[PDB]
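Comments concern the structure below.
Labels below follow one simple rule: chain letters A, B, ... track the order of the sequence lines, proteins then strands, and each chain is numbered from 1.
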2 protein chains.
Amino acid sequence: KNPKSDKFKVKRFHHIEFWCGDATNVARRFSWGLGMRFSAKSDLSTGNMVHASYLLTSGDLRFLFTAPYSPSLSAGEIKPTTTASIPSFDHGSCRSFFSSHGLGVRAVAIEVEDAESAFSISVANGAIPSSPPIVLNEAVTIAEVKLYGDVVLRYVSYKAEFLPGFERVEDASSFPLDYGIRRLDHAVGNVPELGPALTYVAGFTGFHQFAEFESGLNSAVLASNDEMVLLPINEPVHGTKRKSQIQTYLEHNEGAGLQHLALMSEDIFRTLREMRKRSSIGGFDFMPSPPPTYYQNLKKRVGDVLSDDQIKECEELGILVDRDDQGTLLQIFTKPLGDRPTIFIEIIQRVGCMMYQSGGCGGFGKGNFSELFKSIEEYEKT
Amino acid sequence: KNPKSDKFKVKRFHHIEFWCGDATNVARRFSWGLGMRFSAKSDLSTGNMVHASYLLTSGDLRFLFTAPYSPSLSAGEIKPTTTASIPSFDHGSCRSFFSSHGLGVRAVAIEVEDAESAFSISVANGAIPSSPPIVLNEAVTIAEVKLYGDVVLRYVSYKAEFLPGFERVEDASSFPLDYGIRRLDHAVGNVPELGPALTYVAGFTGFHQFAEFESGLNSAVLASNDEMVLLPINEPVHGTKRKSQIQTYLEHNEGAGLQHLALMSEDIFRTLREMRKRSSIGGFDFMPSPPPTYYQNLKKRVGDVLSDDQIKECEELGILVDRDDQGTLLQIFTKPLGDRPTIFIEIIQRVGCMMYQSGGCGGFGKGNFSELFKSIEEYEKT
Ligand SMILES: Cc1cc(C(=O)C2=C(O)CCCC2=O)cc2c(=O)n(Cc3ccccc3)c(=O)n(C)c12
Ligand SMILES: Cc1cc(C(=O)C2=C(O)CCCC2=O)cc2c(=O)n(Cc3ccccc3)c(=O)n(C)c12
Ligand SMILES: [Co+2]
Ligand SMILES: [Co+2]
């Protein structure tokens, strides 16, 4: 059931913004680890005395990395005279965010038809304002409302290239890395209580519950009208044999925040070969692979969608496979991206649901939890 | 003249500690960029609830990267019951350092015979104490005194493997990168006034002025008895045509601090080929190369030490060459390591002064300033 109740016109995910201590080192690490190209910058060299911001791109995926300079560089400025290219930025907010949470996502940005209308309608329907709409060079409008914890939902609308005040990076410094990642599929939050969090966000967006088809979490997914903007939210399940990773997140993050970003690949085998080659030379590590009993039991449930050769290839790369009623999901998870056991990345590819491909085709892998438990027990039973 | 006046027995540089916001991303970037291997760790996985610390090594060079966790993880601990492996660490100090200075060196650590005696003698001779001597697992003693700004000189002494509480990293996660870097040659501070800074440091160490043989700086070098621990200090020269990079540093760093680390390579051509290959894929960028008039004029002054083929090879890699009265210096500088125009790295190799090689063989390249000015003018005169 898709009631199509968006209170304003939503298009697609636009970018994800990380708040960092040093944007340069995080951006370079992420670029090499994920195969994303340096695309634009806003920093001292472009006249920004407030923050250093670097944009990486792969396909339509946009990762922005931002860190504050010394406030002394901009002490004479006021908001009307700021050299910040992101006018919602605040030194104190950014340092407080990073001290509290460590490296993590500050903004989940979606493109809308009219960011001022989106902000107004959102706030009229219960959204906590974070930064009011501001028109940049008469060309782009940006506004922010609270999503959960200290994460904001950022509305961006274009009249008619990332943001005014950003510069294309020179091709010499812009190496065309590409491991196959193409777009953000979903962005997942961890909260202490799912109920109030769902009611709040669905209250001000009009996003609807996206239907799914006992290991530490209850979850629900909010979706835009065409189900291309997907925002799952998890809460912990307490009193379990194994401690909930949702609870671990909330402890180490100092509360609610963004848990994982799922990045769609146009070829998950190529992406995983390329990322795994780089795991121990500056890139990203992956969670421990499932036991081979998991891949022994895969032919019995997706053997009509994947050949034995491609099931073998999943076993090499440690890829997980789940089946919906409409499509199939290939997925794998990185270890945490930074010092804390908080944010991580998921790589995914979906097969099925062609009309273009409809959103959330194959679900989110909820079945892979019990399937991993069963497979682990069978391997250890042997 | 070497009066050999060390007030306590100094051995060699032991490690450099960076204070970070996220130690994981900086360490992985540096590892790939410089060819340093992951060697040891102290973090949640080793029971450290206070700070995440990762050690990279190349030859005898040791880079340590440390960032604070949420203080909530260790709120019940007191100093007698701490799980920190570096007992001088303090959450507030580390966050204040990073907010003030951004990514940078907190500690220049030298190995001594007796860290408690070194601390006592240093303080008796004017050193400002930073952290008192503490004996770790009855095996290693560490103490800290202020060096300049918020940089500390760290004394380490061993009775008889980095530090107690650190663990060797698994070989799977420890890839044997190596671009030829072998040891720290010198560590350079920027101060507002050279005079008081020299008097302070030479006052409490007994280090002596190391002799040298008009572009923004006055400098002087302090050296240990065998001149293997070398600590240059710069001050700005004001009222110049071009603004002093020393002054720029002091502005963006919010005061005095460590300006550059010079890393000795056993083969600077191999190191530079390897680092330059990686500049745009997560590694380090280098300063703009000199005009070819510089390499045209090199045969006329080091043509007896380098062949025309190796002078050509310097031109490819952008290497600078300076001549002393005792040796020759090959050197090159990276762009700043992080967001701010503050700390950078120098790669060097020295040729001459064999007895082993004596320290500072060839100087520090002071002559390359005028030689670059002359060469630039000649190229542009054409
Ligand atoms: C199969 C599966 C699915 C998902 C997932 O994406 C997802 C949800 O289930 C809820 C709905 C929204 C959504 O998108 C996430 C994970 C996952 O995070 N971890 C990491 C983990 C980290 C630490 C301890 C234990 C496991 C997995 O191991 N699996 C097997 C996962
Ligand atoms: C020839 C040379 C030598 C040294 C150096 O190491 C050194 C000193 O001179 C003083 C004594 C201690 C010491 O060790 C440093 C640099 C250097 O930092 N930069 C970067 C720069 C960055 C921004 C603007 C302008 C230049 C150079 O361009 N050159 C040519 C250098
Ligand atoms: Co997911
Ligand atoms: Co130097």
Side-chain angles (χ1 to χ4, degrees), chain A residues 2-8 10-18 39-40 53 55 57 59-64 66 84-89 105-148 150-158 160 162-166 182-189 197-210 221-233 258 261-264 356 358-360:
Chain A
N2 186 343
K4 294 200 164 48
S5 48
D6 286 3
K7 299 190 162 75
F8 45 84
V10 171
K11 300 172 100 203
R12 302 272 183 276
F13 283 125
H14 189 267
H15 66 267
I16 295 296
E17 186 180 10
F18 295 80
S39 293
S53 291
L55 182 76
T57 59
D60 293 324
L61 181 67
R62 298 184 190 92
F63 277 4
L64 182 67
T66 299
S85 57
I86 302 168
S88 64
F89 183 84
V105 172
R106 165 62 172 185
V108 174
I110 59 167
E111 183 184 0
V112 298
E113 252 321 281
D114 184 344
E116 154 161 348
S117 168
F119 177 91
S120 293
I121 296 161
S122 292
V123 174
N125 284 282
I128 309 301
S130 194
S131 162
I134 175 150
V135 180
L136 310 171
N137 203 28
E138 322 169 52
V140 188
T141 307
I142 305 193
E144 297 172 13
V145 298
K146 296 187 180 202
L147 185 58
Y148 35 62
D150 297 320
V151 181
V152 302
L153 187 64
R154 174 178 287 158
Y155 302 137
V156 182
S157 70
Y158 295 85
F162 176 63
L163 290 179
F166 279 74
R182 288 297 176 268
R183 70 174 186 94
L184 185 67
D185 184 270
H186 57 269
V188 177
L198 274 198
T199 307
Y200 169 68
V201 180
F204 77 78
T205 62
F207 292 168
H208 62 270
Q209 266 224 43
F210 186 101
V221 180
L222 293 180
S224 61
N225 278 357
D226 59 13
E227 307 186 322
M228 294 284 74
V229 169
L230 301 172
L231 296 173
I233 301 173
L258 193 145
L261 302 162
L263 316 182
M264 181 166 281
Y356 72 100
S358 71

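Residues satisfying the side chain to side chain contact (heavy atoms under 4.5 Å, CB included) criterion with A:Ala197, sequence neighbours excluded, are A:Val191, A:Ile233. With sequence neighbours left out, A:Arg182 forms a salt bridge (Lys or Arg N to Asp or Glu O under 4.0 Å) with A:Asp178, A:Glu266. For A:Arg154, the salt bridge (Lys or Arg N to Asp or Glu O under 4.0 Å) partners two or more places apart in sequence, or in a different chain, are A:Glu17, A:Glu144. With sequence neighbours left out, A:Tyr200 forms a ring-ring contact (aromatic ring centres under 6.0 Å, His included) with A:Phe204. Partners of A:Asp226 according to the salt bridge (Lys or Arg N to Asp or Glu O under 4.0 Å) rule, which considers only residues two or more places apart in sequence or in another chain, are A:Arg12. Taking A:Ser130 as the reference, nothing meets the side chain to side chain donor-acceptor pair (under 3.5 Å) condition, with sequence neighbours excluded. Contacts of A:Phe13 classified as ring-ring contact (aromatic ring centres under 6.0 Å, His included), with partners at least two apart in sequence or in another chain: none.
For the pair A:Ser5 (side chain) and A:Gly206 (backbone), a donor-acceptor distance under 3.5 Å is present. Put simply, the side chain of A:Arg106 never gets that close to the backbone of A:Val152: no donor and acceptor are under 3.5 Å apart. Formation of a donor-acceptor pair under 3.5 Å by the A:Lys7 side chain with backbone atoms of A:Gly203 is found in this model.
Rounding to the nearest 0.5 Å places CG of A:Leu153 at 13.5 Å from CD1 of A:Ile128. From A:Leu61, atom CG reaches atom CG of A:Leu261 across 8.5 Å, with rounding to the nearest 0.5 Å. Residue A:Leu136 holds its CG atom at 6.5 Å from CG of A:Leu163, rounded to the nearest 0.5 Å. The CE atom of A:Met264 sits 4.0 Å away from the CG atom of A:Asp185 when rounded to the nearest 0.5 Å. To the nearest 0.5 Å, atoms CD (A:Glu227) and NE2 (A:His208) are separated by 3.5 Å. Once rounded to the nearest 0.5 Å, the distance linking CD1 of A:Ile110 with OG1 of A:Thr205 reads 8.0 Å.
With contacts defined as side-chain heavy-atom distances shorter than 4.5 Å, the pair A:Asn225/A:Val10 does not qualify. Counting heavy atoms from C-beta outward, A:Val140 and A:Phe162 have side chains that stay 4.5 Å or more apart. Between A:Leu184 and A:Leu263, some side-chain heavy-atom pair lies under the 4.5 Å cut-off. Looking only at side-chain heavy atoms (C-beta outward), A:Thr141 and A:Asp114 stay at 4.5 Å or farther from each other.
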Checking A:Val221 against A:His186 for the side chain to side chain contact (heavy atoms under 4.5 Å, CB included) test, could you report, in this order, the C-alpha distance in whole Å, the side-chain angles of both residues, the deciding distance, and whether it holds?
CA-CA 9 Å; A:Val221 180; A:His186 57 269; over 6 Å; no
Any chance you could lay out the side chain to side chain contact (heavy atoms under 4.5 Å, CB included) test for A:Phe210 and A:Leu231, step after step, and finish with the verdict?
CA-CA 9 Å; A:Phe210 186 101; A:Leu231 296 173; over 6 Å; no
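Between A:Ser85 and A:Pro87, the closest heavy-atom pair is O-CD, 3.4 Å. Nearest heavy-atom pair, A:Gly360 versus A:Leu230, reported as atom, atom and distance to 0.1 Å: N-CD1, 3.8 Å. A:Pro232 approaches A:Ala187 most closely through the heavy-atom pair CD-O, 3.3 Å.
Applying side chain to side chain donor-acceptor pair (under 3.5 Å) to A:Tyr158 and the options A:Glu113, A:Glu111, A:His14 leaves one that passes, A:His14. Across A:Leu258, A:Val105, A:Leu64, a single residue satisfies side-chain contact (heavy atoms from CB on, under 4.5 Å) together with A:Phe18, and that is A:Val105.
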Run the side-chain donor-acceptor check on residues 119-126 of chain A: report pairs under 3.5 Å with partners two or more places apart or on a different chain.
| residue | atom | partner | partner atom | Å |
| --- | --- | --- | --- | --- |
| A:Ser120 | OG | A:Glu116 | O | 3.1 |
| A:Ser122 | OG | A:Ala118 | O | 2.7 |
| A:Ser122 | OG | A:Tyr155 | OH | 2.7 |
| A:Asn125 | ND2 | A:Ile121 | O | 2.9 |

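Side chain to side chain, A:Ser88 and A:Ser131 fail the donor-acceptor criterion of an N or O pair below 3.5 Å.
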